[PDB]
Protein chains: 4
Amino acid sequence: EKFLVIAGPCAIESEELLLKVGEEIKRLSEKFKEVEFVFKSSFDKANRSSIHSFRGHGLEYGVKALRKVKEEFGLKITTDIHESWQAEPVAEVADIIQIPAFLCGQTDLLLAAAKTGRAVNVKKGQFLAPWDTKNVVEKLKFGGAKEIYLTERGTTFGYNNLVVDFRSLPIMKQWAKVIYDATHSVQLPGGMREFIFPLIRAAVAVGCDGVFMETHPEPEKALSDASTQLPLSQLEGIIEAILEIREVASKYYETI
Amino acid sequence: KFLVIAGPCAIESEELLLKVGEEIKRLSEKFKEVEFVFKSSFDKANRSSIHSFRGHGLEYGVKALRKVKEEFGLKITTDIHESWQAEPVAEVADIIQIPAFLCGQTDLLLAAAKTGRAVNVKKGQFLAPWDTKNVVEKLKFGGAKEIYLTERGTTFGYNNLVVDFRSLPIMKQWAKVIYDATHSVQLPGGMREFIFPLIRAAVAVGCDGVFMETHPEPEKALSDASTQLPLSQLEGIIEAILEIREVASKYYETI
Amino acid sequence: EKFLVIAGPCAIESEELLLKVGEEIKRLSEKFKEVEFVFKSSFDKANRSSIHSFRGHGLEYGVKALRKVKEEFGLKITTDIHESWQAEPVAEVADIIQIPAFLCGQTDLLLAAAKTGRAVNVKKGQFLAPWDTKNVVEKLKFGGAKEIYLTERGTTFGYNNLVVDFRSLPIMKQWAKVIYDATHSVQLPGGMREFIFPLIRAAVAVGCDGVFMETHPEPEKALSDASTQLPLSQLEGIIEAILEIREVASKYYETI
Amino acid sequence: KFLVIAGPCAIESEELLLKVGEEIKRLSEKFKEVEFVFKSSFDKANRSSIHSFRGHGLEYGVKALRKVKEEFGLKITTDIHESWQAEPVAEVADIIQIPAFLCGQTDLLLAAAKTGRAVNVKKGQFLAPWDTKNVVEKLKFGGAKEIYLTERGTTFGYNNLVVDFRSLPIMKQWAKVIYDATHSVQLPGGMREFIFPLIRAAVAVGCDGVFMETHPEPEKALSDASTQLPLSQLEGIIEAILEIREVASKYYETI
């Protein structure tokens, strides 16, 4: 089946940053035809640690910049919502509505995304056991969602640390397509780039339906997640590597 | 003075709220040195199941809480789930409660601070104690003056919460600290037998108040049935914590 | 019932250090008559992180120094063993044989301590659930132990950190007397003295049969656990405080 | 070359050891680029229950392992539990295994290094990856030259272990790394369904070898019955990890 690669700059810093990354993603979608690419960027970072950190340029501006990417590159789009009222306006450009990890249990937000008719990708909360994502999918189906994904992005392990329990991949696969978030899983809440690639190799060896990766032309200059965003020039190499590992491991993927 | 936040988990009906309100009123008259605050949720926004009880709406909820405040002269507190709810709730709530999962949502925090009311934030199960400093700053930026941080357990493996009591003195550096005796023992996705022992530890360590959900018949509760404390047991537990606090307070470390 | 206070310098740095601390403990046992004091110090630190750290002066020397304390002060003694063969020689002076946290599951070491006829205090492993200490007590009883204690000393919480889950006190009380280790519970594996006293207050409010505390004339000069050993001059204050908190909380201790 | 450590959890009888030995021998002839090491414990030193199976003794154990090495020409490895056992075990064991709970016992480590044999240390469930640096130094001080560190899960709440694969590249800085596919999925105080998937992750990430307990009829095993892999499945799993490793090795980060 077609492997999903969700990629893009963490935050919509400007419409220009988006087209730059979008252009590279467009080029890669032309080379890796067996992959379905989806462009990602948040119009708002609603839970920065500090009140003084970069949040974004607002929903209107964000949706508009995202639409320019879809327009100019024919790329599918995904962005995250933070309150119920945002679902409708965001569904106009987003092919996949993303539900933030901390909000993965908010019934209204889930129901709001589901009735738009768009696909829904839920980031698994850092506090959530894999088996408890079952009711999250149930709520979405109840609300009308026909295409659902669950994203593994790490679990709380002591203070300011996250661990990836790969047993979660086959468990969540029982009720939804599973995505591995290579970026947020190595971040230290309140991260280490050196572990992005090895953990991503683990994900595809185990088996998943896609990977999620934040990438930026110059990570050290990003306004959010500068430590874990992948340099844009490395994207191609990472993708080719996971497709190769996926191919050789695939005959061994267990059936749910 | 020492804070005691209590009431039924969910606003199952204003009838229930008045019955519980009556007892809290009685205790408030008996324990004059304690500030009692009546709590109850107009909406359970993240029940595990889509088929579970959520409530009767914000409007019906704000009305029931208004009845309790009017009928008994008790202060009020309830939790909000999206920014637009702050203002209408502020009409009745003396203290606006920020849910544990939403303790990092900047807009929700700012909306609560803007109402001018007091704000009590439930520490996320994913949050380190020292990281609540930033939460408090968001509220200050937003204009809040009376800020509380509530300890309610930390993710410990799957389906389990542990209470790291080191958090009490750590958070006290920037806000008044409340200990949630109800939710700290519940198993996510709890054992009532541990509620009282951990409450004792909380006052022995030192905190500015205690939060406890109580119900006339916990067994019949539409939410947190396993952990809500039977109304009849509330008095003895309050007397016990005041006595322990009276003796232990002599050793509370300076802020 | 009589409350137990196990105290002493972490390691037997010299026979002189022992008599100095022992003298203070003797004085306190005369004031706090409702308390049963037990003198503690290890003749060997068998698991220091570094091969270059202080281990001790050997078993013979250690037992000899401990015996001098019992002799000179009429104090009960406790020290920990690390291999089965040490049980017999150590039982000659030790009233309570301590089993190290990492070895709490070693059947032979438990059996070796049990057949000496002495009391046995097992430190609960950092990896052990409270309910699983039941079989630890079963093994000891099987081996002949009539007086058993289980010591709470923290649980692994992420990396280099320990948390105290006070629910363990009433759980372990179902099958043994429970001791709270005020020292090792705040240490950071591979600690914070500022949390020793507050957590100890929590322990007695919850309810336990005793407390364990490492103390030294000058902590900053100790050869082991210099960060968490309690200054000897503070011992009296801590003890008086926990006895007061214990008294006021006692009527509320639940029955097992 | 790639290391594959395998055999029955406990030495239930030398008969069992020879039956498993025969298959490992066969696989060793089939996978020439793989160094196979036969493992089995002469004593289960920390069974939860006093009434469980421990074994038939060190002497009977060392003898059975000697038979396997003689009869099949396979290298040997078994674990020690107290210092005095190192020397007698070293007679037969090419690699001395240090138990997870005992990875910090200095005397046990030194006794193992002194025998001149290779030493494989199971990383304690309580140990951080970076803290194995000191373990390796103790062994070097003691004169060991061939040192291995085995990843076998980390305490995650109660009765659960999680595998933090970041540990593989971290430990590789000071020793050869082995991944224990059997114990990493067992629930302390496990699910076989996760053994193969995690093994795949281990080779995709990069390690110097894999450790796997296998038994002719896991169901009838006197130890780790829930997690020992049926002998018949061993071949397919080895072929699978060699294939994955062949492709993935191109991306292994430099030490």
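Residues numbered from 1 in each chain as written, not as in the entry; some residues may be left out. Chains lettered and ligands numbered in written order. Heavy atoms only, no water.

Under the PDB entry, the name given to chain B is 2-dehydro-3-deoxyphosphooctonate aldolase, and the source organism is Aquifex aeolicus. A UniProt comment under Subunit is attached to chain B, and it reads "Oligomer." Turning to chain B, the UniProt annotation filed under Sequence similarities states: "Belongs to the KdsA family." (UniProt positions renumbered as here; feature names shortened; annotations may be inferred.)

In the nomenclature of the PDB entry, chain A is known as 2-dehydro-3-deoxyphosphooctonate aldolase of Aquifex aeolicus. Of the comments in the UniProt record for chain A, the one headed Catalytic activity reads "D-arabinose 5-phosphate + phosphoenolpyruvate + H2O = 3-deoxy-alpha-D-manno-2-octulosonate-8-phosphate + phosphate". Under the heading Subunit, UniProt records this for chain A: "Oligomer."

On to the pattern of salt bridges, then. A side chain of one charge can pair with a side chain of the opposite charge if their charged atoms are brought near each other. Under the definition given, this model contains 70 salt bridges over all chains. Measuring nitrogen to oxygen at the nearest pair gives 3.7 Å for the salt bridge that ties C:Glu30 to C:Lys33. Since its relative accessible area comes to 42%, C:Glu30 is described here as partly exposed. Measuring nitrogen to oxygen at the nearest pair gives 3.1 Å for the salt bridge that ties C:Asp181 to C:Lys123. Of the two residues, C:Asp181 is situated in strand 9 (residues 177–181) and C:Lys123 in strand 5 (residues 119–123); the sequence distance between them amounts to 58 residues. Judged by relative accessible area, C:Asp181 falls into the buried class, the value being 0%. Linked through salt bridges whose partners overlap, the residues forming this network are A:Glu24, A:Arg27, A:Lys31 and A:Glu236. (Salt bridge = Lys/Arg side-chain N within 4 Å of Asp/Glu carboxyl O. Buried < 20%, exposed > 50% of the residue type's maximum accessible area, 1.4 Å probe, protein only. Helix = DSSP H or I, 4+ residues; strand = E, 2+ residues; numbered from the N terminus.)

Turning our eyes to something else, we now look at unusual backbone geometry. Despite not being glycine, A:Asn160 shows a phi value in the positive range, around 50 degrees. Residue placement: A:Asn160 occurs in the loop between strand 7 (155–156) and strand 8 (162–163). For A:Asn160, a relative accessible area of 23% corresponds to the partly exposed category. At D:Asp224, a position not held by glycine, the phi torsion is positive, near 40 degrees. The residue D:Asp224 is located in the loop between strand 10 (209–215) and strand 11 (229–230) in this model.

This part is about the interface of chain B and chain D. Contacts between chain B and chain D engage four residues on the former and four residues on the latter. Here chain B packs against chain D, burying approximately 370 Å² in sum over the two surfaces, 78% of which is carbon and sulfur. Of all residues in chain B, the largest losses of buried area upon contact with chain D belong to B:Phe156, B:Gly157 and B:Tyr158, amounting jointly to 86% of the total for that side. In this assembly, chain B and chain D are joined by zero residue pairs in polar contact. (Contact = heavy atoms within 4.5 Å. Buried area = accessible area lost by both parts, 1.4 Å probe. Polar contact = N/O pair within 3.5 Å; in protein donor to acceptor, adjacent residues only side chain to side chain.)

Looking now at the relation of the copies chain B and chain D. For the pair chain B and chain D, the superposition axis carries a translation of 0.0 Å, the fit reaches an RMSD of 0.0 Å, and the rotation angle comes to 180 degrees. Read as a symmetry element, the transformation amounts to a two-fold axis. Closest approach to the rotation axis among the C-alpha atoms of chain B is made by B:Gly157, whose C-alpha sits 1.8 Å away. Looking at the interface residues of chain B, 100% of them are also at the interface in chain D, so both copies use one shared face. (Least-squares fit on C-alpha atoms.)

Turning to the packing of helix 1 (residues 14–30) of chain B against helix 8 (residues 234–248) of chain B, a few remarks are in order. All names here are of chain B. Viewed as axis vectors pointing N to C, helix 1 and helix 8 meet at an angle of 30 degrees, and their least axial separation amounts to 11 Å. If you check the angle between helix 1 and helix 8, you find them roughly parallel. Crossing angle aside, the handedness with which helix 1 passes helix 8 is right-handed. Between helix 1 and helix 8, the contacting residues are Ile24, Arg26, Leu27 and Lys30 on the first element and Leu234, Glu235 and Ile238 on the second. (Axes fitted to C-alpha atoms, helices over the stretch in contact; angles between N-to-C directions. Parallel < 35°, antiparallel > 145°, perpendicular 65-115°, else oblique. Left-handed = near helix turned anticlockwise from the far one by under 90°.)

The next thing to look at is the packing of helix 4 (residues 106–114) of chain D against helix 5 (residues 133–141) of chain D. All names here are of chain D. Close contact between helix 4 and helix 5 brings their axes to 8 Å; oriented N to C, the two are set at 45 degrees. If you check the angle between helix 4 and helix 5, you find them oblique. With respect to the hand of their crossing, helix 4 and helix 5 are arranged in right-handed fashion. Of helix 5, the residues touching helix 4 (which contributes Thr106, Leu109, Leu110 and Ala113) are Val135, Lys138, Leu139 and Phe141. Class assignment of the residues belonging to the contact of helix 4 with helix 5 gives a composition of six nonpolar, one polar and one charged. (Nonpolar A, V, L, I, M, F, W, Y, C, P; charged D, E, K, R; others polar.)

Residues and elements named next belong to chain C. Most of strand 5 is tucked away, with five of its five residues classed as buried. Residues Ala119, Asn121 and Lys123 point to one face of strand 5 and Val120 and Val122 to the other, with burial holding for every one of them. As paired strands, strand 4 (residues 96–99) and strand 5 are joined by four bridges and run parallel to one another. Residue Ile97 lies in a different strand from strand 5, and its bridge partner there is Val120. Taking the sense of rotation as the criterion, the β-α-β connection linking strand 4, helix 4 (residues 107–114) and strand 5 turns out right-handed. Relative to strand 6 (residues 148–152), strand 5 runs parallel, the two sharing four bridges. (Pairing = 2+ DSSP bridges. Right-handed = clockwise from strand over helix to strand, strands pointing away.)

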